[PDB]
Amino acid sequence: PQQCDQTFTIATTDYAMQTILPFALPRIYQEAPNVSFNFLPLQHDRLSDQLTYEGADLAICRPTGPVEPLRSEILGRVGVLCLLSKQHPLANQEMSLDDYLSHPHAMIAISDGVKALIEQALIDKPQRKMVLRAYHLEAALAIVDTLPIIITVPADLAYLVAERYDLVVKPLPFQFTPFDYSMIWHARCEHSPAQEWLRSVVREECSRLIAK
């Protein structure tokens, strides 16, 4: 509704902050011109307490475990991509796993759960140089003019961003099973008309996102 004027508190990881949410927002405000949002950083380890006492109506992440009795739902499957400066040696050719391993790495907006996922997928091949780990590729960009860093990001951020910081997108050189991104909420928000609305729009929008 347009007569909705309440403020929804979403707890977000940095990834969902830069891709999912902003994608969703034009349509949220379009449908609900009057709704305020409050986006606070999700603490993965105090996820259930954020939703219970700290005022969060919805958390958008990838739980590092089960979350019951918090109700939950997969939004879809995020994949992982690599970002290269257009002036990277590899910017032009194709990335073999052997390229990937011989170059310095910046890890942007992954997080340890997925980091562990990737590290797990890279379990037998030789230790790569992990040079930077951050949640803002502003920071990796800062060094594309220094190291030939390969920037591993969730796939969706590569598409939202690469095509504007003037850097290129290469596929992962190895077997990566896309992980699942979820919404979490307290069962008490389970039948709230406004909360069903939020989750719906966030659900449909993630579709439009995944579909494209």
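All residue numbers refer to positions in the sequence shown, first residue = 1.
Higher average CA B factor: 87-95, of the stretches 87-95 and 72-80. Taking only CA atoms, the mean B-factor in the PDB entry is higher for 156-164 than for the other of 156-164 and 176-184.
Set against one another, the Cα B-factors of 60, 144, 151, 40 in the record reach their highest point at 144. When the modelled residues of the chain are ordered by C-alpha B-factor, residue 36 sits in the lowest third.
Ranked against the other modelled residues of its chain, the C-alpha B-factor of residue 171 as given in the entry falls in the middle third. When the CA B factors of the chain's modelled residues are split into thirds, the value for residue 47 lands in the highest one. Remark: residue 7 belongs to the lowest third of its chain, ranked by C-alpha B-factor as recorded. Compared with the other modelled residues of the chain, the Cα B-factor recorded for residue 125 ranks in the highest third.
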